[PDB]
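Working through the structure, step by step
Here is what each chain is made of, one letter per residue.
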Amino acid sequence: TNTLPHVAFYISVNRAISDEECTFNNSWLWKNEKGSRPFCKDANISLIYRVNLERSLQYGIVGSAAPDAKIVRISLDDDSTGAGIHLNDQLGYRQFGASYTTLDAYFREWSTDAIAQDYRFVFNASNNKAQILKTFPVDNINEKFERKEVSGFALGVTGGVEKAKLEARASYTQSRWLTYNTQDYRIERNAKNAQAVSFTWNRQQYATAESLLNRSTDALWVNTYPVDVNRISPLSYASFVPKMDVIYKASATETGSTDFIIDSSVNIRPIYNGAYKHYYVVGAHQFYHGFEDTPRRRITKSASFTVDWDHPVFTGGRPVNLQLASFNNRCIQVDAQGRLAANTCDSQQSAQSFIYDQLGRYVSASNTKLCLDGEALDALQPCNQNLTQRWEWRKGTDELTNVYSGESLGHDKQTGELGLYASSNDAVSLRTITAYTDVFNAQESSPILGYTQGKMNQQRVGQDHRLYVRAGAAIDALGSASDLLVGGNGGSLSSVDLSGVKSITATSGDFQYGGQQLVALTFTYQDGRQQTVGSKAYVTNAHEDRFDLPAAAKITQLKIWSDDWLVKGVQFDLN
Amino acid sequence: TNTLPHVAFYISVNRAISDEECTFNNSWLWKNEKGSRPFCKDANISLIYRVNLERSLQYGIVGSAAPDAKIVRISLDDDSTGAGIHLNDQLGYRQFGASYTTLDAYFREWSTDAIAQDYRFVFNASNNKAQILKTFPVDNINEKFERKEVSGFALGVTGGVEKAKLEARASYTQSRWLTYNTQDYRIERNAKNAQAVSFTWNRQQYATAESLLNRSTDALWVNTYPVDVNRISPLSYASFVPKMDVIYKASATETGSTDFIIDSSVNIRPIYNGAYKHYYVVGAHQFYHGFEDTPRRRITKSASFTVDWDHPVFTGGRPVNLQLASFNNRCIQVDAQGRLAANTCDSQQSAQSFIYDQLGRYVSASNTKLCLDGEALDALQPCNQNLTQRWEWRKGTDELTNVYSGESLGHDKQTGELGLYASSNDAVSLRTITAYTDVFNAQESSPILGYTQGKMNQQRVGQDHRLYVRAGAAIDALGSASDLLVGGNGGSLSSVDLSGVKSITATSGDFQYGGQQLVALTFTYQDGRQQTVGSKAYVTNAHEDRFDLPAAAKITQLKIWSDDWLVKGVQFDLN
Amino acid sequence: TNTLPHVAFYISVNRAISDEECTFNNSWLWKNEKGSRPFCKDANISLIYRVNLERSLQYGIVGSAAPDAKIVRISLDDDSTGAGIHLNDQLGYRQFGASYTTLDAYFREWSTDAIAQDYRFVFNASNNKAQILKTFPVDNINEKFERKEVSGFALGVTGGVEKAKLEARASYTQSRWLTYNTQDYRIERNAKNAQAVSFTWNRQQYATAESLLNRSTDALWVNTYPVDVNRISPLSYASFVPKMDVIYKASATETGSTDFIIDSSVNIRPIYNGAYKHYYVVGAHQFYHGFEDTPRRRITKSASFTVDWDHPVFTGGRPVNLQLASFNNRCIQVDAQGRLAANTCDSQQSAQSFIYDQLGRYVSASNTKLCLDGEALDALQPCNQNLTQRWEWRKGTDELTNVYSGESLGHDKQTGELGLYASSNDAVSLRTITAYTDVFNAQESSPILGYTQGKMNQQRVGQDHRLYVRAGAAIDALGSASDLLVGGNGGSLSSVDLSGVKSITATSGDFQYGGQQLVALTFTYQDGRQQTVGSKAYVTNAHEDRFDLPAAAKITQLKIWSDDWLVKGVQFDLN
């Protein structure tokens, strides 16, 4: 109870990878022909993050070393990593012999499995009320060096007989040595601005295909596969797990709402290595050359969570309730207005939680300035250092009195109305107990459909407890009203009502008719009926995610990632 | 008592290895002839795992740093390793001189003992309710480097006399140095997906037979055995012991059942090294060449354990019972329905265990929401923060009272019926004591017959307390009903009854008539009678495992590893 | 008293080495001639082991991290090593000049002292109820590497005058560097199976005689001794002391008996280095060559100890007794049947020891299920959680009462019969005290005669408190009956009676008439009379060990190491 409260909850990311999404050309000089095939087997992405929410100092403590602030913590370290990210198990390759004319040109192609060029993790903040405080990879590594200078001379004399000869050798020399060390996948932090920080694990050694060669050339006849795999670490292709922390600083006493967006991604690149029939004086030897122009395809996934700066997590002290002991289940519930009511108790009721301070007062978690005073118990007042605000717990008893008069706090038998009385009467009881309660559980995580890019649009759910869709072959705009449709305008409006829908089936991907956006929205009721809007035939690289709710759930507001032309992503802010 | 409970139990793997299973061809170019022989002596596999089951936080504690979760721990580290895995003691070899025509071809063969190519350990989860949280070999090793650049020049002058000469030497030089380190058997973790993680210890240096040569060639007459053994570590062939941890994360409050499958394996590869009669200008010299096309044979074994997410292990607190002290042996036993009965006490009775909380209530391990309240003691209710639910232990006494009224909890002399009374009467007693009891012992481990591969079929035991078999020369399908036979269908159905069978003799192996599957099922009763179904004559590489039970045991359900065509494995879920 | 009990006792090995056993040929090419001589002086073997017996957790504690188990610990580390193993002090050698024809052949021999090729320590288990849990040399050392790649070029120009010349030099270079480290005597653990683990310290560098050469050759006349000793560590020949641990895991609650066998050994090899008169164009130079075909002779010794899984060591708690205070010396002694008797007290009486538990009961060390209850004190019952089983120690008194009734436990003045009474009477006393007693001393170690190899035969001592011998020139079989003679059958049976024999003189060694087995059995009585059976004339390399007992000792059973043809070893299981 004396320690520092925190809030933690695991947030998960899972994303099946289609073999189709891993299909690219079987050659580079011959990309037009030779067809296609999948470049990886059973690719999968599955990481688990750690989330912590804490204030920097206990409530009431003044002038400690740590400045008062609000902290959001996102960590991936030894105690929590997840499963990893996977692309393959082996290293497949095939031969491609010369088909066109062979006079002086490229005539052989060796395509292999794809090694991840770089893993990218990008964080972001919805607005600027958040700040970046600490980053565990404190910054790019500053590498020591070793420079070595060597200067010398040679003085030699030689005498010989055959004929007799005598000569003297005199020489000077100079050389400078430079050396350093380099990580294979070196950390590279990128701080775009004060509200978004991005990490990047990137190749430094053996980065290009050119460096995978163990041989320069051969004779005009040798046919062997020299693209080594012993120089390729299984870290690169088989599996990998990250390690990084980013921690967010917020304003001192700011009240509002904010969204943080975690995006994890992996970049995939096949390797295309061929030989040119260099006909030099030595002969038509096959010097080998890598193809760095080979395309790279980015695969991403997202997750989100909404933090409320008014949440009792940031008060800095474990809250308590007040069970009115005259009844079996009654507690002092306070509205936003200020009045109070005795109702059923709940361990998750923020409007019921309270804080005990150094000055013997009581503070509700609704606002730090909301405090209980005795001159008029009916409602709470903006509080100060009044003597009537201080309360004392008499030892070994259940009578919480005050300091101004010493009279105990008591409540009525039938209505529980609370007042100050010196001694209990027939119709007024004094007993009152309390205990710490969990007001620290996390709100349910709501996954994202589509692609969290572009400016985010925040609009509340409309009058019909649903939204409006302006869609055609491709989605154009979303919103809770006709004018509130952000994005395109070519799609016809549809006023859908969703009060009583079990789930939504949304199919996204590289939409062939245009862009790479979720276009298909199939809504699944409790019985299982389906209503689909969008084009499920003109879609390529389709990825689908399922989004479930309890039936008859009143959605609160919406999140719409979008550019100035179309909707890029959609999120349902649930209860 | 104040510490964090855990559950631990050793799970063992043992597997005799036949010399027949270690038989391969005596040559590679001459594999057809020269017969066969065993490639290892007295091979054996024996490892011991460590199993831990624990929740992340004590029950009732709120908002600590560690998020609430469910953890399954599998470890192989310093404190528990087992015996090891063995393949040989020495390094046998024999000469094979030229037999065919010797003009220009391979003419000598030197076959030796087999060194384990790689040790593979694969874990798996039955369903997706489990997740991968931490892996002790945190990931593939990222190796530092040392790149060194050297550029220099030479300026020299030489004067001589014979005749007089004077010359000046001028030269430039450039060189780049690269170096790194490499483990012989480097760790290589492979994360197939979010529910199964696989480790692999694999050769990096001296991996191929080509690297075992200490000589390039000799004259046209030299006959010596150069395949060195000093470059082969006894780690590789003599003995080995693993080190690795994998730990499983489960959902917050998920209820159900799940199966984890441990598979340990060793891959065996003989080495075939020969010489080609390269007739160059120097002569017919015997350059040596390794044979990497030599087959590898995988040998495996399995073990399993079934965890119950409802087990009192995951409550997070040491349970207690309530011995009704009026009788010598009576405790408050609660059914799943909610009613209670006073019966014989048992230290292993989950339906008898209870939990003491911060709020002075009592929680049964059957469900965290099942709590005892005083308004109607006859049955438990879905509990909340009611005052009538809180109980206090009066100091130095045996009268557990309540807080709502202060009356003690008492029970009747003849039936033990419990009620709330201010003072004990002639027919009602008040004394009640308690103590911590071991409800943490593990369920008996049930080994596996066959090969745990393919999708796993979970079907309950049929009406006759047994299963049905559709078998012929080779097993086709298993199940508890004719329609519930998963796998093939060519075998005739057999309705076997097994209530009162001591043991089952199941002979598996590389079934020559088809596949590598358990086909022979010999059932051994208490007297020792045998009933065999399957083909014991068309089986090769036969491995048998014995499975024992107490007589007259009612098996609960079945586990059937299988593909879409046949049964791959069978498991009996016992009492 | 709060700590974890263990049992420890030193077990010693000593073995005199005869100079005869260290005799081998004075040459290798000339082994037939030149006679023989001893190859070491005053060789001796003397090591001391450490033995620990402990359970993994205190009795009654539930669900701790450490799984419940049974552990046998054998250690050789810093705190206990013994004296060592010795072979010599100096390095003797002698010249052997050419005697046969000297045209083109070996013509010189330099035999020296023997350096131990390898020290071998092999452990074993009688049956499979034991398992291997941890080994301190966790496994073979996995050695790091350093691979270094260097590629460069040379571009030089030289101008000179005599005549004027101008030339340009252009060259490329490539080189790969490999390096590692190697122990001289590298650890090499060998895990034969799940019940026996064997260590081996073996030469890696300077292993063969070929590597002891400091010179390649000389002229046709040089005569010098180049077999260096500075490259031979005194670790190898002078003295050595081991370091290793092996620890045994047993079943959870298995009851029975088991034998562990420690065997320590040293392998001895002389070195034979000669020169061949290689007559090349340079001349008849003497290139030197080691002789790796020189025989090696293994010398061993054994010791044993028998552990009883029912021993109070594995209960996990320090036992106590109960001295009935009415008499001066009476304690509650319980038979195996269950009844009790008041007899003389002993601190070593397992049938008298008892355990105090968390639940206030008493458990006898005979069986964990044997507990004392008050409804019928006359005998112990299979115990459970009954209230009548719980006992309390009243503060500052000597009256151990019960919880069911509160009446004290009391005993009668003349017979000590125990009962439950509220108040003491004239003929019944209540006082009862207790104290911890040493029930942890070790059983007397019984050394072994012969050679502990082959399957071990366990047969109880026959009807005549002795055994039967079927012996002739060489021993054939041993047993307690004519049919129970395991081994050969050519020897005539002898029914010897041994009740009242002080000691046995058994002379073993490399029996020339056949094998290497103990054949001579001389039995020494208290007076010193001798009765010898066997051949003391056809024995070579004779080693004798003396085995002493108190007179008139009833031996219990026998241990007979043997193969399928003859007896290999004999052990007398004493009182």
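Residues numbered from 1 in each chain as written, not as in the entry; some residues may be left out. Chains lettered and ligands numbered in written order. Part of a larger assembly, values for the part shown. Heavy atoms only, no water. Residues with missing side-chain atoms left out of burial classes, pairs and counts.

The deposited coordinates derive from cryo-EM, with the record listing a resolution of 3.76 Å.

Per the PDB entry, chain A is named Cytolysin VCC, and its organism is Vibrio cholerae.

1. Let's talk about the interface of chain A and chain B
Residue-level contacts link 65 residues of chain A with 51 residues of chain B. Within the residue set of the side of chain A that touches chain B, elements represented by two or more residues are strand 5 (44-55), strand 7 (82-86), strand 13 (164-180), helix 1 (234-237) and strand 17 (239-240) of chain A. The biggest single contributor to the side of chain A that touches chain B is strand 13 of chain A, with 17 residues. Residue composition of the side of chain A that touches chain B, grouped by class: 27 nonpolar, 26 polar and 12 charged. As judged from the 15 bridges shared by strand 13 of chain A and strand 12 (residues 146-161) of chain B, these two strands associate in the antiparallel manner. Within strand 12 of chain B, the position partnered with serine 171 of chain A by the bridge is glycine 156 of chain B. (Contact = heavy atoms within 4.5 Å. Helix = DSSP H or I, 4+ residues; strand = E, 2+ residues; numbered from the N terminus. Nonpolar A, V, L, I, M, F, W, Y, C, P; charged D, E, K, R; others polar. Pairing = 2+ DSSP bridges.)

2. Let's talk about the relation of the copies chain C and chain B
At an RMSD of 0.0 Å, chain C and chain B line up after a rotation of 51 degrees and a shift of 0.0 Å along the axis. Interface overlap between copies is the fraction of interface residues in one copy that are interface residues in the other; for chain C against chain B it is only 2%, indicating separate surfaces. (Least-squares fit on C-alpha atoms.)

3. Re the pattern of salt bridges
All names here are of chain C. If you walk through the whole model with that rule in mind, you get 39 salt bridges over all chains. Measuring nitrogen to oxygen at the nearest pair gives 2.3 Å for the salt bridge that ties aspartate 357 to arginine 361. Here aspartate 357 matches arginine 361 in class, with each residue buried. In this structure, the salt-bridge partner of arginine 431 is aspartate 398, at a minimum N-O distance of 2.5 Å. Residue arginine 431 is located in the loop between strand 34 (428-429) and strand 35 (432-433), and its partner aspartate 398 is located in the loop between strand 30 (391-393) and strand 31 (400-402); the two are separated by 33 residues in the primary sequence. The exposure class assigned to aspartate 398 is partly exposed, which follows from its relative accessible area of 23%. (Salt bridge = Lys/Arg side-chain N within 4 Å of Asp/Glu carboxyl O. Buried < 20%, exposed > 50% of the residue type's maximum accessible area, 1.4 Å probe, protein only.)

4. Focus on the relation of the copies chain A and chain B
Mapping chain A onto chain B calls for a rotation angle of 51 degrees and an axial translation of 0.1 Å; the resulting RMSD is 0.0 Å. Here only 2% of the contact residues of chain A are again contact residues in chain B; the copies associate through non-equivalent surfaces.

5. Quick notes on the state of the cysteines
Residue and element names in this part refer to chain A. What the rule picks out here adds up to three disulfides over all chains. Residue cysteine 22 pairs covalently with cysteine 40 via a disulfide, S to S 2.4 Å. Note that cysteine 22 is positioned in the loop between strand 2 (11-16) and strand 3 (23-25) and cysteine 40 in the loop between strand 4 (36-38) and strand 5, a separation of 18 residues in sequence. Taking relative accessible area as the criterion, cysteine 40 reaches 5% and is therefore assigned buried. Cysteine 345 forms no disulfide, and the closest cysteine sulfur to it belongs to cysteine 331, at a distance of 3.2 Å. (Disulfide = S-S within 2.5 Å.)

6. Things to note about the pairing of strand 44 (residues 530-533) of chain B
Residue and element names in this part refer to chain B. In terms of strand pairing, strand 43 (residues 520-524) meets strand 44 through four bridges, oriented antiparallel. Paired with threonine 522 across the strands is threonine 532, a residue of strand 44. Counting the residues in the hairpin turn of strand 43 and strand 44 gives five residues, including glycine 528, whose phi is positive at 115 degrees.

7. Brief notes about the interface of chain C and chain B
Taken together, the contacts link 52 residues of chain C with 65 residues of chain B. Elements supplying a minimum of two residues to the side of chain C that touches chain B: strand 11 (130-135), strand 12 (146-161) and strand 15 (190-193) of chain C. Here the side of chain C that touches chain B gets 16 residues from one element, more than from any other, and that element is strand 12 of chain C. Its residues assigned to classes, the side of chain C that touches chain B shows 21 nonpolar, 17 polar and 14 charged.

8. As for the environment of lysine 41 of chain C
Residues and elements named next belong to chain C. Structurally, the position occupied by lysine 41 is in the loop between strand 4 (36-38) and strand 5 (44-55). For the pair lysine 41 and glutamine 90, spaced 49 residues apart in sequence, the C-alpha to C-alpha distance is 9.2 Å. In contact with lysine 41, not counting residues within four places along its chain, are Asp19, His86, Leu87, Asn88 and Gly92.

9. A closer look at the sheet that holds strand 40 (residues 486-487) of chain A
All names here are of chain A. Strand order in the open sheet formed by four strands is 40-39-38-41, with antiparallel pairing between adjacent strands. This sheet does not close on itself; its edge strands, each paired only once, are strand 40 and strand 41 (492-495). Pairing analysis gives two bridges linking strand 39 (residues 475-479) to strand 40, with the strands arranged antiparallel. The residue of strand 40 that forms the bridge with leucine 478 is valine 486.

10. Regarding the packing of aromatic side chains
All told, the structure shown has 65 aromatic pairs over all chains when counted by the stated rule. Consider the rings of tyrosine 106 of chain B and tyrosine 276 of chain B, whose centres lie 5.8 Å apart with planes at 70 degrees: the pair is edge-to-face. On the basis of relative accessibility, which here comes to 22%, the residue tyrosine 276 of chain B falls in the partly exposed class. On the basis of an interplanar angle of 15 degrees and a centroid distance of 3.7 Å, the ring pair of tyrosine 93 of chain C and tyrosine 225 of chain C is categorised as stacked. Taken together, the aromatic side chains of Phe9, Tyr248, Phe260, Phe305, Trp309 and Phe314 of chain A make up a single cluster linked through ring pairs. (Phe/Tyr/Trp six-rings, centres within 6.5 Å; stacked < 30°, edge-to-face > 60°.)

11. Quick word on the side chain of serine 265 of chain B
Residues and elements named next belong to chain B. Structurally, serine 265 can be placed in strand 19 (residues 257-269). Assessed through its relative accessible area of 8%, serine 265 is described here as buried. A polar side-chain atom of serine 265 sits 2.8 Å from the main-chain carbonyl oxygen of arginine 120. Look past the residues within four positions of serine 265 in its chain and what remains in contact with it is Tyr119, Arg120, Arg298, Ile299 and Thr300. (Polar contact = N/O pair within 3.5 Å; in protein donor to acceptor, adjacent residues only side chain to side chain.)

12. Some thoughts on the sheet that holds strand 12 of chain C
With antiparallel pairing, the six strands of this open sheet are ordered in space as 12(A)-13(A)-12(B)-13(B)-12(C)-13(C). Strand pairing shows two members of the sheet lacking a second neighbour, strand 12 (146-161) of chain A together with strand 13 (164-179) of chain C, which therefore form its edges. Sheet twist, expressed as the average angle between the axes of neighbouring strands with direction ignored, equals 15 degrees. (Axes fitted to C-alpha atoms, helices over the stretch in contact; angles between N-to-C directions.)

13. With respect to the environment of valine 363 of chain A
Residues and elements named next belong to chain A. Along the chain, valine 363 turns up in strand 27 (residues 362-364). Sequence separation between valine 363 and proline 319 is 44 residues, and the spatial gap between their C-alpha atoms is 9.1 Å. Other than its neighbours up to four places away in sequence, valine 363 contacts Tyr59, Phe354, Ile355, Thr368 and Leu370.

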